């Protein structure tokens, strides 16, 4: 039993954060450009954890 | 009759502008109400 829908929408920003449907980004877009930076951060965190 | 027709035209335009302002104000009111949530 995680976070339910009723508690989610109590915060006024939750509904306005869901207009964009879950996607895989798109090459050439800003979201895909910065997702590479996020993936680099994930990779370096994984390398640190392995070390 | 000419003055009367001009006055009616101006009144119609004024009502249209007022209702556009009204709906804009209601939209802003709803947005602020959602913000207070």
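Okay, here's what the table says:
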{"quantity": "Residue A:41-residue A:18 pseudo-label distance in nm [points 7 Å out on the Cα-to-Cβ vector]", "calculated": "2.5"}
{"quantity": "A:1, A:42 arranged by Cβ crowding within 10 Å, fewest neighbours leading", "calculated": "A:1, A:42"}
{"quantity": "CD proxy at 222 nm, helix term only [per DSSP H run n ≥ 4: -39500 (n - 2.57); per residue of the protein assembly as shown; nearest 500]", "calculated": "-24500 deg cm²/dmol"}
{"quantity": "Of A:26, A:36, A:15, the one that fluctuates the most in a GNM where chain A has Cα springs shorter than 10 Å", "calculated": "A:15"}
{"quantity": "The protein assembly as shown - Rg over Rh from alpha carbon coordinates, Kirkwood radius", "calculated": "1.36"}
{"quantity": "Sequence of A:49, B:33 once ranked by neighbouring C-beta atoms within 10 Å, starting from the fewest", "calculated": "A:49, B:33"}
{"quantity": "Part-to-part distance (alpha-carbon centres) for chain B and the stretch A:1-18, which is given in Å", "calculated": "35"}
{"quantity": "Cα long-axis angle, helix A:30-50 against chain A (0 to 90 degrees, to the nearest 10)", "calculated": "60"}
{"quantity": "Kirkwood Rh and Cα Rg combined as Rg/Rh, chain A", "calculated": "1.14"}
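Each value in this text was obtained by applying a stated rule to the coordinates, not by laboratory testing. Reconstructed Cβ throughout: ideal geometry from the backbone, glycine too, with neighbour counts over all protein chains shown.
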